[PDB]
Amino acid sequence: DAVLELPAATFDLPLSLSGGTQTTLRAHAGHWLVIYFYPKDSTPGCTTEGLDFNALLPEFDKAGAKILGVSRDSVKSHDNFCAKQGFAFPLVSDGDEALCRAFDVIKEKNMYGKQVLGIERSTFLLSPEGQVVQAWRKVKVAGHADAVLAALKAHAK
């Protein structure tokens, strides 16, 4: 059922959250987890994506799921973004890109005459046993949160 295999150590990485606490992926055992990676706090696409997930939170709650957004912005940046937008789910400050590398979302583009790395907008659905059962890479924001919810409902039933 897995579409991606993560290194075992990934599940024990301490993930710094908005609000000053930590989590780990193993700590989420027993429920579905949506992990959405986005390139930059407080930009148009990333704000739209976060607000779309936020608006659907009760539907994720029905289906037995939690959401985590992830970028490499600082905890303080995330706190500002969450407060301004009213998000009711946490944001991971993956400052060292450990989680991003585990999910292979750091992609390289030939541009500016160089090799340039960056976060590719991507989302994953993690089962209650920690299996990555669906992936969306190079995400288009419009309609995305709706599509993720529909997929979750399909998998969870």
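Each residue number is its position in the shown sequence, starting from 1.
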Completion exercise
Mean Cα B-factor check, 47-55 vs 104-112, entry values; winner is 104-112
Exercise for the section: Between 1-9 and 147-155, point out the one with the higher average CA B-factor as the PDB entry records it. Expected result: 1-9
Exercise for the section: Could you say which of 64, 69, 95, 39 has its CA atom at the highest B factor, as listed in the PDB entry? Expected result: 64
Practice task
Could you look up the Cα B-factor of residue 134 in the entry and say which third of the chain it sits in: lowest, middle or highest?
Solution key: lowest
Exercise for the section: State the tercile, meaning the lowest, middle or highest third, of residue 128 with respect to the CA B-factors recorded for its chain. Expected result: middle
Handout entry: CA B-factor placement of residue 22, once the chain's modelled residues are sorted into thirds
Key = highest
Problem - Position of residue 15 among the chain's modelled residues by C-alpha B-factor, lowest, middle or highest third - result: lowest
